[PDB]
Structure formats: C-alpha cells, structure tokens
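Shown here: structure_38.txt, compact mmCIF, C-alpha atoms.
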# COMPACT_ATOMS: atom_id res chain seq x y z
CA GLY A 1 1.84 16.49 41.73
CA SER A 2 -0.61 15.58 38.98
CA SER A 3 -3.26 12.92 38.41
CA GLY A 4 -1.08 11.64 35.59
CA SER A 5 -2.18 12.22 32.00
CA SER A 6 -0.75 12.88 28.53
CA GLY A 7 2.41 11.38 30.00
CA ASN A 8 3.85 9.87 26.83
CA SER A 9 7.53 9.60 25.91
CA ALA A 10 7.53 7.43 22.79
CA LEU A 11 5.31 7.84 19.73
CA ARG A 12 3.95 4.72 18.02
CA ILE A 13 1.95 4.74 14.79
CA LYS A 14 0.46 1.79 12.92
CA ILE A 15 -0.34 1.75 9.20
CA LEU A 16 -3.47 0.10 7.80
CA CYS A 17 -3.52 0.46 4.01
CA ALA A 18 -3.67 2.87 1.07
CA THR A 19 -6.27 3.68 -1.57
CA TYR A 20 -6.20 4.82 -5.20
CA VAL A 21 -2.45 4.24 -5.25
CA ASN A 22 -0.31 5.56 -8.10
CA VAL A 23 0.35 1.98 -9.19
CA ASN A 24 -1.05 1.79 -12.72
CA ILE A 25 1.28 -0.49 -14.67
CA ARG A 26 1.78 -4.09 -13.54
CA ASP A 27 5.56 -4.37 -13.23
CA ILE A 28 6.22 -3.16 -9.69
CA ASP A 29 7.19 -6.01 -7.36
CA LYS A 30 6.41 -4.47 -3.97
CA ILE A 31 6.04 -1.16 -2.14
CA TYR A 32 6.84 0.55 1.16
CA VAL A 33 6.21 3.70 3.21
CA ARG A 34 8.76 6.13 4.65
CA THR A 35 7.92 8.17 7.75
CA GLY A 36 9.92 10.73 9.71
CA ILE A 37 9.94 13.99 11.65
CA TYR A 38 11.62 17.27 10.70
CA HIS A 39 11.85 20.74 12.24
CA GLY A 40 11.57 23.49 9.63
CA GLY A 41 12.67 21.22 6.81
CA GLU A 42 15.68 20.00 8.78
CA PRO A 43 15.87 16.38 9.99
CA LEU A 44 15.86 15.46 13.68
CA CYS A 45 16.36 11.69 13.73
CA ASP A 46 16.58 8.62 11.50
CA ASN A 47 13.49 7.78 9.45
CA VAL A 48 11.36 4.64 9.61
CA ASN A 49 10.20 2.39 6.77
CA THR A 50 7.32 -0.08 6.64
CA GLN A 51 7.55 -3.69 5.45
CA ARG A 52 7.40 -4.48 1.73
CA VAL A 53 3.88 -5.26 0.50
CA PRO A 54 2.55 -6.12 -2.98
CA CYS A 55 0.92 -3.30 -4.95
CA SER A 56 -2.17 -5.48 -5.35
CA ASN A 57 -2.43 -5.41 -1.55
CA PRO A 58 -1.04 -2.18 -0.03
CA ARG A 59 -2.35 -3.45 3.30
CA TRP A 60 0.34 -3.20 5.98
CA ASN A 61 -1.27 -3.65 9.40
CA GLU A 62 2.08 -3.18 11.14
CA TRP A 63 3.13 -1.12 14.16
CA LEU A 64 5.76 1.48 13.32
CA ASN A 65 7.88 2.84 16.18
CA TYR A 66 9.52 6.26 15.99
CA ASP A 67 12.83 7.13 17.66
CA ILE A 68 11.33 10.45 18.76
CA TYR A 69 10.55 11.82 22.22
CA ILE A 70 7.20 13.38 23.08
CA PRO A 71 8.64 15.59 25.85
CA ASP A 72 11.43 16.44 23.40
CA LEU A 73 9.36 16.95 20.25
CA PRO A 74 9.33 20.62 19.18
CA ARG A 75 6.05 22.23 18.11
CA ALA A 76 7.71 23.32 14.87
CA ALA A 77 8.45 19.68 14.07
CA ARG A 78 5.87 17.38 12.48
CA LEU A 79 5.28 13.98 10.89
CA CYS A 80 5.93 13.37 7.19
CA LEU A 81 5.19 10.26 5.12
CA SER A 82 5.56 9.25 1.47
CA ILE A 83 4.77 6.16 -0.60
CA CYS A 84 7.54 4.60 -2.69
CA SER A 85 7.71 1.73 -5.18
CA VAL A 86 10.60 -0.74 -5.09
CA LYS A 87 11.35 -2.90 -8.13
CA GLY A 88 14.55 -4.60 -9.24
CA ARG A 89 15.84 -7.22 -11.67
CA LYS A 90 17.41 -10.67 -11.30
CA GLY A 91 20.91 -10.00 -10.02
CA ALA A 92 20.39 -6.25 -10.36
CA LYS A 93 19.59 -3.84 -7.53
CA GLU A 94 16.12 -2.46 -6.83
CA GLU A 95 14.74 0.97 -7.74
CA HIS A 96 12.77 3.22 -5.39
CA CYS A 97 10.42 5.84 -6.84
CA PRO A 98 8.27 8.36 -4.92
CA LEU A 99 4.53 8.43 -5.57
CA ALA A 100 2.83 10.60 -2.95
CA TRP A 101 3.56 12.45 0.29
CA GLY A 102 1.67 13.73 3.32
CA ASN A 103 2.63 16.00 6.21
CA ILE A 104 0.70 15.77 9.48
CA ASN A 105 1.13 18.33 12.25
CA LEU A 106 2.17 16.15 15.19
CA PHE A 107 0.75 18.95 17.34
CA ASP A 108 -2.89 19.81 16.63
CA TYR A 109 -3.95 23.45 16.31
CA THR A 110 -4.40 23.29 20.09
CA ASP A 111 -0.83 22.13 20.70
CA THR A 112 -2.28 18.74 21.62
CA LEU A 113 -0.70 15.59 20.18
CA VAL A 114 -3.10 14.01 17.69
CA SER A 115 -4.89 10.74 18.44
CA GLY A 116 -7.53 8.30 17.22
CA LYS A 117 -7.34 6.57 13.85
CA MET A 118 -7.35 8.91 10.85
CA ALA A 119 -7.19 8.75 7.05
CA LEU A 120 -6.25 11.68 4.82
CA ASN A 121 -5.28 12.08 1.16
CA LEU A 122 -1.65 12.54 0.12
CA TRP A 123 -0.20 15.00 -2.39
CA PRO A 124 1.37 13.80 -5.67
CA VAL A 125 5.17 13.87 -5.78
CA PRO A 126 6.91 16.28 -8.20
CA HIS A 127 8.39 15.19 -11.53
CA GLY A 128 10.57 12.26 -10.50
CA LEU A 129 11.17 13.53 -6.97
CA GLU A 130 14.90 12.94 -6.53
CA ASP A 131 14.35 12.19 -2.84
CA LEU A 132 11.77 9.82 -1.36
CA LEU A 133 10.38 11.75 1.61
CA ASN A 134 9.32 15.39 1.35
CA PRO A 135 9.71 16.98 4.81
CA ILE A 136 8.96 20.37 3.27
CA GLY A 137 5.68 19.22 1.77
CA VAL A 138 2.59 21.13 2.88
CA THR A 139 0.43 19.94 5.77
CA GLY A 140 -3.26 19.05 5.91
CA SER A 141 -5.62 16.60 4.25
CA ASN A 142 -5.85 16.98 0.47
CA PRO A 143 -9.49 17.62 -0.53
CA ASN A 144 -8.76 15.81 -3.79
CA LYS A 145 -10.31 12.36 -4.20
CA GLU A 146 -8.37 11.06 -7.21
CA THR A 147 -5.27 11.37 -5.02
CA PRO A 148 -4.28 8.41 -2.81
CA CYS A 149 -4.91 8.21 0.93
CA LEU A 150 -3.12 6.43 3.78
CA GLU A 151 -4.68 5.35 7.07
CA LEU A 152 -2.71 5.33 10.33
CA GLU A 153 -3.40 4.82 14.03
CA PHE A 154 -2.24 7.38 16.59
CA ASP A 155 -1.36 5.76 19.91
CA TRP A 156 0.58 7.15 22.88
CA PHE A 157 1.30 4.79 25.77
CA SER A 158 4.91 5.53 26.75
Using structure tokens, write down the structure from this file.
Amino acid sequence: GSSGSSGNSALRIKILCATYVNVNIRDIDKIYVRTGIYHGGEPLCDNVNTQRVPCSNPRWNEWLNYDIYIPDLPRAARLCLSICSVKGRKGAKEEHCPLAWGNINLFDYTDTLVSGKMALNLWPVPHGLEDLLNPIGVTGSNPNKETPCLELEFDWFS
C-alpha cells in the first residue's frame, strides 16, 4: 500500500486577475480567458473559458475546472492560456480578438505537478492571431515587464 499522497484525479485552477492588459482603447465591452491542454500541439479535450469581466476590472476570482485526468495526463502535455477581448454591436454578433498567451508545463522539471499560487507574464499574440489559444506557444515566464501577466491558483484535491 501507500500512505496516500499526490493522489489527484481532477485538476482545478482558479484565476485572480491580470495586469498591464493589452486593452488601450475604450471600446471593448468585456473580456475572457481561454485555457486548455494539448500534447505536442494536438488537442486532448475541450477547452475552458472564464466568465466575462470588464476591461476596467480584469479581476475574475472564479474556480475553473478542467476535464482532464491527472493519472491520465501525459508529460508531453501542458497547460495553455490566452486572453481575448469580446465586443459586439446592438443586434450584431460579438468579436473575439487574441491579446496574449502563456504556456505552463503542467509537469515541473521534476515531473511533479505544479502547485501554490503563481503569476507569470504572457507573450504577445502574433499579428491578428487567427485562433484564440496558442497551444504551440513557448513555455516559461516572460522576463518582460511591459507584457501582461495572469495569476492563477494551482489546487489538486481529487
């Protein structure tokens, strides 16, 4: 048997807020965040999106649940997030535009699921990034300050 540790099956991450967002103009209505996991650029399961918050207050403070399995999560796979801006017109549909993106290695350098709150900078999206989430984006915390940064909470209960 075993004392019983690191016995997680479902991954749950909570978002706090963002800083130095790419929201200059004052037309955007609200914003949202898209998270997901991919293995070598290829998707594994549906992605998750955070509630819609006003640019003025990118604060989320919501618990995001992932449809992934710890004991089924491949080392090659990882977590990828990206900020998007949604804005539409009366009667017309909304428009989503990518701003930044960040890839976090679900498995630390020691093949040990990450934990404890953390806040790293995100990389700027390419010229009008057709897509919203960049699963291919590089991993690590951008040393750049000007760039935005998102804070999340790593928790593993079950």
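Summary of the local environment: counting only C-alpha atoms, residues at most 6 Å from region 35-50 of chain A, other than itself and those fewer than 2 positions away along its chain, are residues 32, 33, 76, 77, 78, 79, 80, 81, 135 and 136 of chain A.
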Report task. Using CA of residue 100 (chain A) and CA of residue 62 (chain A) as the two end points, give the distance in Å to one decimal. Result ->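 The value is 19.7 Å.
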Query raised in the report: Which residues, written as a list in words, have at least one atom at most 12 Å from residue 143 (chain A), with all atoms listed in the file counted and residues fewer than 3 positions away on the same chain left out?
Result: residues 119, 120, 121, 122, 123, 139, 140, 146, 147, 148 and 149 of chain A
Report summary line: Of A:97, A:16, A:28, A:68, the one sitting nearest residue 131 (chain A) when using only C-alpha atoms is A:97
Query raised in the report: Which value, in Å to one decimal, gives the distance between CA of residue 53 (chain A) and CA of residue 132 (chain A)?
Result: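 Computing the Euclidean distance for CA of residue 53 (chain A) and CA of residue 132 (chain A) yields 17.1 Å.
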Report summary line: Expressed in Å, the length from CA of residue 138 (chain A) to CA of residue 102 (chain A) is 7.5 Å
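Proximity of A:89, A:52, A:69, A:24 to residue 106 (chain A), computed with all atoms listed in the file, is greatest for A:69.
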Requested in this report: Using all atoms listed in the file, determine which residues lie at most 12 Å from residue 58 (chain A), disregarding the query and same-chain residues fewer than 6 positions distant; provide the list as a PyMOL selection string.
Outcome: chain A and resi 15-23+29-33+50-52+83-85+148-151
Write out the residues from the selection above, keeping C-alpha atoms, as a compact mmCIF listing (two decimals), in the frame of the given file.
# COMPACT_ATOMS: atom_id res chain seq x y z
CA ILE A 15 -0.34 1.75 9.20
CA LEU A 16 -3.47 0.10 7.80
CA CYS A 17 -3.52 0.46 4.01
CA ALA A 18 -3.67 2.87 1.07
CA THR A 19 -6.27 3.68 -1.57
CA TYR A 20 -6.20 4.82 -5.20
CA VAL A 21 -2.45 4.24 -5.25
CA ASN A 22 -0.31 5.56 -8.10
CA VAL A 23 0.35 1.98 -9.19
CA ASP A 29 7.19 -6.01 -7.36
CA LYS A 30 6.41 -4.47 -3.97
CA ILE A 31 6.04 -1.16 -2.14
CA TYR A 32 6.84 0.55 1.16
CA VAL A 33 6.21 3.70 3.21
CA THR A 50 7.32 -0.08 6.64
CA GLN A 51 7.55 -3.69 5.45
CA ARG A 52 7.40 -4.48 1.73
CA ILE A 83 4.77 6.16 -0.60
CA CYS A 84 7.54 4.60 -2.69
CA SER A 85 7.71 1.73 -5.18
CA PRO A 148 -4.28 8.41 -2.81
CA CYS A 149 -4.91 8.21 0.93
CA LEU A 150 -3.12 6.43 3.78
CA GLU A 151 -4.68 5.35 7.07
